[PDB]
file target_10.cif (mmCIF, C-alpha atoms)
data_data
#
loop_
_atom_site.label_atom_id
_atom_site.label_comp_id
_atom_site.auth_asym_id
_atom_site.auth_seq_id
_atom_site.Cartn_x
_atom_site.Cartn_y
_atom_site.Cartn_z
CA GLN B 3189 90.56 29.51 6.80
CA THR B 3190 90.88 33.24 5.87
CA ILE B 3191 92.26 32.30 2.40
CA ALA B 3192 89.37 29.81 1.93
CA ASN B 3193 86.81 32.49 2.99
CA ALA B 3194 88.26 34.99 0.46
CA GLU B 3195 88.09 32.33 -2.30
CA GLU B 3196 84.44 31.55 -1.33
CA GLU B 3197 83.50 35.28 -1.46
CA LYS B 3198 85.08 35.60 -4.95
CA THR B 3199 83.21 32.47 -6.17
CA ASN B 3200 79.90 33.83 -4.73
CA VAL B 3201 80.39 37.20 -6.53
CA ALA B 3202 81.13 35.38 -9.82
CA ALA B 3203 78.02 33.18 -9.34
CA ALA B 3204 75.83 36.27 -8.68
CA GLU B 3205 77.11 37.99 -11.87
CA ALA B 3206 76.46 34.79 -13.88
CA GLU B 3207 72.91 34.54 -12.41
CA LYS B 3208 72.11 38.18 -13.37
CA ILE B 3209 73.36 37.59 -16.96
CA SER B 3210 71.31 34.34 -17.16
CA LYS B 3211 68.14 36.15 -15.90
CA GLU B 3212 68.47 38.91 -18.55
CA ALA B 3213 69.05 36.30 -21.28
CA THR B 3214 66.02 34.25 -20.09
CA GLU B 3215 63.70 37.32 -20.12
CA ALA B 3216 64.70 38.22 -23.71
CA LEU B 3217 64.42 34.55 -24.76
CA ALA B 3218 60.94 34.33 -23.12
CA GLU B 3219 59.51 37.34 -25.03
CA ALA B 3220 60.88 35.90 -28.29
CA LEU B 3221 59.49 32.39 -27.29
CA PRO B 3222 55.84 33.75 -27.29
CA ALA B 3223 56.67 35.45 -30.63
CA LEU B 3224 57.84 31.98 -31.91
CA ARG B 3225 54.64 30.44 -30.35
CA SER B 3226 52.57 32.83 -32.53
CA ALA B 3227 54.72 31.69 -35.51
CA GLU B 3228 53.96 28.03 -34.49
CA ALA B 3229 50.18 28.80 -34.49
CA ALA B 3230 50.63 30.25 -38.01
CA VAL B 3231 52.43 26.97 -39.05
CA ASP B 3232 49.54 25.02 -37.33
CA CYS B 3233 46.90 26.80 -39.52
CA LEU B 3234 47.19 23.92 -42.14
CA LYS B 3235 44.44 21.31 -41.53
CA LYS B 3236 43.17 17.81 -42.57
CA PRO B 3237 40.28 19.20 -44.73
CA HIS B 3238 42.62 21.53 -46.73
CA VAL B 3239 45.11 18.72 -47.64
CA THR B 3240 42.40 16.41 -49.16
CA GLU B 3241 41.34 19.20 -51.60
CA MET B 3242 44.93 19.36 -52.99
CA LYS B 3243 44.69 15.58 -53.70
CA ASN B 3244 41.22 15.91 -55.36
CA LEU B 3245 42.24 19.23 -57.02
CA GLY B 3246 43.50 17.52 -60.25
CA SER B 3247 43.60 20.73 -62.38
CA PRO B 3248 46.94 22.57 -61.77
CA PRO B 3249 46.64 26.36 -61.05
CA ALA B 3250 49.71 28.49 -61.99
CA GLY B 3251 50.14 29.65 -58.34
CA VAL B 3252 48.87 26.56 -56.40
CA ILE B 3253 51.75 24.53 -58.00
CA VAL B 3254 54.34 26.94 -56.43
CA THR B 3255 53.03 25.97 -52.93
CA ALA B 3256 53.78 22.31 -53.86
CA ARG B 3257 57.45 23.21 -54.66
CA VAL B 3258 58.01 24.85 -51.21
CA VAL B 3259 56.36 21.81 -49.49
CA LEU B 3260 58.85 19.50 -51.32
CA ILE B 3261 61.74 21.82 -50.25
CA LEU B 3262 60.68 21.52 -46.56
CA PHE B 3263 60.42 17.69 -47.05
CA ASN B 3264 63.90 17.74 -48.74
CA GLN B 3265 62.69 15.30 -51.47
CA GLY B 3266 65.18 16.86 -53.95
CA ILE B 3267 64.81 18.14 -57.61
CA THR B 3268 65.02 21.81 -56.36
CA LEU B 3269 63.01 24.20 -58.65
CA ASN B 3270 64.89 23.15 -61.87
CA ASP B 3271 62.27 20.46 -62.76
CA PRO B 3272 59.09 21.62 -64.65
CA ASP B 3273 55.92 22.56 -62.66
CA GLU B 3274 53.88 19.71 -64.26
CA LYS B 3275 56.54 17.11 -63.22
CA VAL B 3276 56.82 18.77 -59.74
CA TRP B 3277 53.01 18.54 -59.21
CA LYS B 3278 52.98 14.71 -59.67
CA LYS B 3279 55.56 14.35 -56.82
CA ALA B 3280 53.36 16.66 -54.66
CA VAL B 3281 50.25 14.49 -55.42
CA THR B 3282 51.98 11.37 -53.94
CA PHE B 3283 52.46 13.26 -50.60
CA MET B 3284 48.74 14.29 -50.67
CA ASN B 3285 47.69 10.70 -51.63
CA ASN B 3286 46.53 10.07 -48.01
CA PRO B 3287 45.34 13.27 -46.18
CA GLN B 3288 45.74 11.84 -42.62
CA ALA B 3289 49.30 10.58 -43.34
CA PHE B 3290 50.39 14.02 -44.70
CA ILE B 3291 48.88 15.90 -41.69
CA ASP B 3292 50.57 13.48 -39.21
CA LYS B 3293 53.94 13.80 -41.05
CA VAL B 3294 53.83 17.66 -40.95
CA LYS B 3295 53.70 17.77 -37.09
CA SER B 3296 56.58 15.21 -36.85
CA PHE B 3297 58.57 17.03 -39.62
CA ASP B 3298 58.77 20.38 -37.69
CA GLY B 3299 61.92 19.17 -35.85
CA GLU B 3300 64.14 22.20 -35.00
CA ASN B 3301 66.22 23.84 -37.81
CA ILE B 3302 65.44 20.96 -40.31
CA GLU B 3303 67.91 21.06 -43.29
CA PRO B 3304 70.09 24.23 -43.73
CA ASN B 3305 70.32 23.87 -47.57
CA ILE B 3306 66.49 23.55 -47.93
CA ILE B 3307 65.81 26.83 -45.98
CA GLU B 3308 67.99 28.79 -48.50
CA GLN B 3309 65.92 27.60 -51.53
CA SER B 3310 62.72 28.12 -49.45
CA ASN B 3311 63.94 31.60 -48.36
CA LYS B 3312 64.68 32.56 -52.01
CA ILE B 3313 61.02 31.93 -53.07
CA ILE B 3314 59.72 33.97 -50.06
CA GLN B 3315 62.39 36.71 -50.57
CA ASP B 3316 61.48 37.14 -54.29
CA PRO B 3317 58.79 39.89 -54.69
CA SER B 3318 57.33 38.14 -57.81
CA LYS B 3319 55.13 34.95 -57.97
CA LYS B 3320 52.97 36.23 -55.03
CA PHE B 3321 53.26 33.74 -52.08
CA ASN B 3322 52.61 36.60 -49.58
CA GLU B 3323 49.84 34.29 -48.09
CA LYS B 3324 47.10 36.78 -49.22
CA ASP B 3325 47.66 36.64 -53.04
CA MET B 3326 47.81 32.79 -52.80
CA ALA B 3327 44.28 32.70 -51.26
CA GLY B 3328 42.81 34.32 -54.41
CA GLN B 3329 44.17 31.57 -56.72
CA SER B 3330 42.77 28.82 -54.41
CA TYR B 3331 41.61 28.64 -50.74
CA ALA B 3332 43.56 25.37 -50.12
CA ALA B 3333 46.91 26.82 -51.34
CA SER B 3334 46.67 29.79 -48.89
CA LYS B 3335 46.46 27.47 -45.83
CA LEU B 3336 49.44 25.36 -47.06
CA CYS B 3337 51.49 28.51 -47.89
CA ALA B 3338 50.59 30.19 -44.56
CA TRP B 3339 51.90 27.07 -42.74
CA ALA B 3340 55.02 27.04 -45.00
CA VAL B 3341 55.67 30.80 -44.38
CA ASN B 3342 55.20 30.21 -40.61
CA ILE B 3343 57.70 27.27 -40.77
CA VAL B 3344 60.31 29.40 -42.71
CA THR B 3345 59.61 32.64 -40.73
CA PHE B 3346 59.00 30.40 -37.67
CA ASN B 3347 62.42 28.73 -38.24
CA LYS B 3348 64.16 32.14 -38.44
CA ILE B 3349 62.56 33.42 -35.18
CA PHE B 3350 63.11 29.98 -33.52
CA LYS B 3351 66.82 30.02 -34.59
CA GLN B 3352 67.35 33.49 -33.06
CA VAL B 3353 65.53 32.29 -29.88
CA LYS B 3354 67.69 29.07 -29.90
CA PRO B 3355 70.89 31.19 -29.56
CA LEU B 3356 69.05 33.30 -26.92
CA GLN B 3357 68.15 30.02 -25.08
CA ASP B 3358 71.74 28.70 -25.45
CA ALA B 3359 73.15 31.89 -23.88
CA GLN B 3360 70.54 31.76 -21.07
CA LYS B 3361 71.22 28.02 -20.44
CA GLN B 3362 75.02 28.54 -20.32
CA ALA B 3363 74.56 31.42 -17.84
CA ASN B 3364 72.14 29.32 -15.70
CA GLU B 3365 74.50 26.28 -15.68
CA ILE B 3366 77.48 28.49 -14.69
CA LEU B 3367 75.37 30.11 -11.91
CA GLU B 3368 74.21 26.67 -10.62
CA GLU B 3369 77.80 25.31 -10.58
CA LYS B 3370 79.00 28.48 -8.77
CA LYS B 3371 76.13 28.16 -6.22
CA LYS B 3372 76.95 24.46 -5.53
CA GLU B 3373 80.67 25.30 -5.13
CA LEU B 3374 79.76 28.21 -2.77
CA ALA B 3375 77.30 26.08 -0.72
CA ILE B 3376 79.77 23.17 -0.22
CA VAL B 3377 82.70 25.63 0.31
CA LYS B 3378 80.59 27.66 2.84
CA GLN B 3379 79.73 24.42 4.72
CA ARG B 3380 83.45 23.43 4.79
CA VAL B 3381 84.37 26.94 6.08
#
call {"tool": "encode", "arguments": {"input": "target_10.cif", "output": "C-alpha cells"}}
result
Amino acid sequence: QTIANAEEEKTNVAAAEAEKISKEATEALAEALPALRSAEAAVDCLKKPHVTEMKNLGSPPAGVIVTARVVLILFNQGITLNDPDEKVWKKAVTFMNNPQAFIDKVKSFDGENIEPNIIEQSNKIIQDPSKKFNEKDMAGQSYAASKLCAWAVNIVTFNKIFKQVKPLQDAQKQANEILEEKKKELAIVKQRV
C-alpha cells in the first residue's frame, strides 16, 4: 500500500506539471487564434458582387491579371507563372464563369494548409517587392482586384499564422491529453488505494 501511494503521488505530480504546460500552451494558442480570426476576416473580405465584375471585366489590366495567377495557385490548377498572362487570364475567366459557384468554392477551398508547393509560388509573388500586390496598389488598378488580392493575402498570411497556431494547438493538445491520462490514472489509483 505504501509503495502504491508513493507511485500515485509521483503520477499526480507529473499530471500537475503536464496540466501547467498545457495551460500555458493553450493561452499562447488562444491569443494567436484571435490573430488568425482577424486573418480569416481579411480572407472573407472577397464577396459575390466583386467576383461577377471579374467575369464581365473582359479588358485585361496589367495588374488585375496578376491577381488571377495567385487565385489559380491557391486552386492548384497548374501552369505556374511560366504561361503568358493572356493565356492565364482565359483559365481565370472559366473560374469566374458563375459568380455563385466561385464564391461557394472559396469557402470550401480554405481547408487547413492546402498544398505546400502552391504556398511557395504564392509566397514568392507576395515576397517580391515589385508588381505591387500590397492590397493598396492593386485597388488603384481596379476595385475588384483589390478585394480578390486582399482575400488571397489573408489566405497566404492567414495560412502562415494558422500554421504557427496549429503547432501551438498540437503542443497544447498533447499536454492536455497527457494531463487527462495522468488524472484518470491518479483517480482510479487513488480509489484503489
call {"tool": "residues_around", "arguments": {"input": "target_10.cif", "residues": "residue 3292 in chain B", "least_positions_apart": "2", "cutoff": "12 Å", "atoms": "all atoms listed in the file", "output": "list in words"}}
result
residues 3232, 3234, 3235, 3236, 3239, 3283, 3284, 3286, 3287, 3288, 3289, 3290, 3294, 3295, 3296, 3297 and 3298 of chain B
call {"tool": "residues_around", "arguments": {"input": "target_10.cif", "residues": "residue 3342 in chain B", "least_positions_apart": "2", "cutoff": "7 Å", "atoms": "all atoms listed in the file", "output": "list in words"}}
result
residues 3227, 3228, 3230, 3231, 3338, 3339, 3340, 3344, 3345 and 3346 of chain B
call {"tool": "atom_distance", "arguments": {"input": "target_10.cif", "atom1": "CA of residue 3367 in chain B", "atom2": "CA of residue 3220 in chain B"}}
result
22.6 Å
call {"tool": "resolve_selection", "arguments": {"input": "target_10.cif", "expression": "the PyMOL selection byres ((chain B and resi 3196) around 10)", "output": "PyMOL selection string"}}
result
chain B and resi 3190-3195+3197-3202+3370+3373-3378+3381
call {"tool": "resolve_selection", "arguments": {"input": "target_10.cif", "expression": "the PyMOL selection byres ((chain B and resi 3332) around 9)", "output": "VMD selection string"}}
result
chain B and resid 3234 3237 to 3239 3241 to 3242 3252 3326 to 3327 3330 to 3331 3333 to 3337
call {"tool": "closest_residue", "arguments": {"input": "target_10.cif", "among": "B:3233, B:3213, B:3261, B:3203", "to": "residue 3291 in chain B", "atoms": "only C-alpha atoms"}}
result
B:3233
call {"tool": "closest_residue", "arguments": {"input": "target_10.cif", "among": "B:3214, B:3189, B:3309, B:3322", "to": "residue 3356 in chain B", "atoms": "only C-alpha atoms"}}
result
B:3214
call {"tool": "residues_around", "arguments": {"input": "target_10.cif", "residues": "residue 3268 in chain B", "least_positions_apart": "3", "cutoff": "10 Å", "atoms": "only C-alpha atoms", "output": "list in words"}}
result
residues 3257, 3258, 3260, 3261, 3264, 3265, 3271, 3276, 3306, 3309 and 3310 of chain B
call {"tool": "decode", "arguments": {"input": "target_10.cif", "residues": "range 3224-3245 of chain B", "atoms": "N, CA, C and O atoms", "output": "compact mmCIF listing (two decimals), in the first residue's frame"}}
result
# COMPACT_ATOMS: atom_id res chain seq x y z
N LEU B 3224 -5.42 34.93 -35.95
CA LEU B 3224 -5.78 34.11 -37.13
C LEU B 3224 -7.22 34.42 -37.56
O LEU B 3224 -7.51 34.30 -38.75
N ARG B 3225 -8.11 34.67 -36.59
CA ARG B 3225 -9.54 35.01 -36.81
C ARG B 3225 -9.60 36.33 -37.58
O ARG B 3225 -10.41 36.44 -38.52
N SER B 3226 -8.74 37.29 -37.19
CA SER B 3226 -8.66 38.58 -37.93
C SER B 3226 -8.17 38.29 -39.35
O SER B 3226 -8.75 38.86 -40.32
N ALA B 3227 -7.20 37.38 -39.48
CA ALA B 3227 -6.69 36.99 -40.82
C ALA B 3227 -7.83 36.38 -41.66
O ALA B 3227 -7.89 36.66 -42.88
N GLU B 3228 -8.67 35.56 -41.02
CA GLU B 3228 -9.84 34.88 -41.64
C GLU B 3228 -10.86 35.92 -42.11
O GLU B 3228 -11.41 35.73 -43.20
N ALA B 3229 -11.10 36.97 -41.32
CA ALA B 3229 -11.98 38.09 -41.74
C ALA B 3229 -11.39 38.76 -42.98
O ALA B 3229 -12.17 39.09 -43.93
N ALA B 3230 -10.07 38.94 -42.99
CA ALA B 3230 -9.40 39.55 -44.17
C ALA B 3230 -9.63 38.65 -45.39
O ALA B 3230 -9.97 39.18 -46.46
N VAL B 3231 -9.52 37.32 -45.22
CA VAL B 3231 -9.74 36.35 -46.33
C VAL B 3231 -11.20 36.45 -46.80
O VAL B 3231 -11.44 36.43 -48.03
N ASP B 3232 -12.12 36.60 -45.85
CA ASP B 3232 -13.59 36.72 -46.01
C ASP B 3232 -13.99 38.00 -46.77
O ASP B 3232 -15.13 38.04 -47.24
N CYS B 3233 -13.15 39.04 -46.76
CA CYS B 3233 -13.47 40.30 -47.48
C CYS B 3233 -14.05 40.08 -48.89
O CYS B 3233 -14.99 40.82 -49.25
N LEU B 3234 -13.57 39.08 -49.65
CA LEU B 3234 -13.98 38.80 -51.05
C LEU B 3234 -15.49 38.55 -51.04
O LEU B 3234 -15.94 37.81 -50.14
N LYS B 3235 -16.23 39.10 -52.00
CA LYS B 3235 -17.71 38.91 -51.99
C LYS B 3235 -18.24 38.47 -53.36
O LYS B 3235 -17.45 38.39 -54.32
N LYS B 3236 -19.54 38.19 -53.40
CA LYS B 3236 -20.29 37.75 -54.61
C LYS B 3236 -20.32 38.88 -55.65
O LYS B 3236 -20.10 38.58 -56.84
N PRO B 3237 -20.57 40.16 -55.28
CA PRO B 3237 -20.59 41.25 -56.26
C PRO B 3237 -19.24 41.47 -56.94
O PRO B 3237 -19.21 41.73 -58.13
N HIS B 3238 -18.15 41.36 -56.18
CA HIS B 3238 -16.78 41.58 -56.72
C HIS B 3238 -16.42 40.53 -57.78
O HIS B 3238 -15.84 40.91 -58.81
N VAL B 3239 -16.77 39.26 -57.54
CA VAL B 3239 -16.41 38.16 -58.49
C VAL B 3239 -17.09 38.32 -59.85
O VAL B 3239 -16.45 37.97 -60.86
N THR B 3240 -18.35 38.78 -59.88
CA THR B 3240 -19.07 38.93 -61.18
C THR B 3240 -18.35 39.96 -62.06
O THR B 3240 -18.22 39.70 -63.27
N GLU B 3241 -17.87 41.06 -61.47
CA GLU B 3241 -17.15 42.10 -62.24
C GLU B 3241 -16.00 41.46 -63.01
O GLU B 3241 -15.89 41.71 -64.23
N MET B 3242 -15.18 40.64 -62.33
CA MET B 3242 -14.02 39.97 -62.98
C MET B 3242 -14.49 39.24 -64.25
O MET B 3242 -13.76 39.30 -65.26
N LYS B 3243 -15.64 38.57 -64.17
CA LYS B 3243 -16.21 37.81 -65.32
C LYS B 3243 -16.62 38.78 -66.43
O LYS B 3243 -16.31 38.49 -67.60
N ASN B 3244 -17.26 39.89 -66.06
CA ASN B 3244 -17.74 40.90 -67.05
C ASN B 3244 -16.64 41.91 -67.37
O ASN B 3244 -16.87 42.77 -68.24
N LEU B 3245 -15.49 41.81 -66.69
CA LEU B 3245 -14.36 42.75 -66.93
C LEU B 3245 -14.03 42.78 -68.43
O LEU B 3245 -14.14 43.87 -69.04
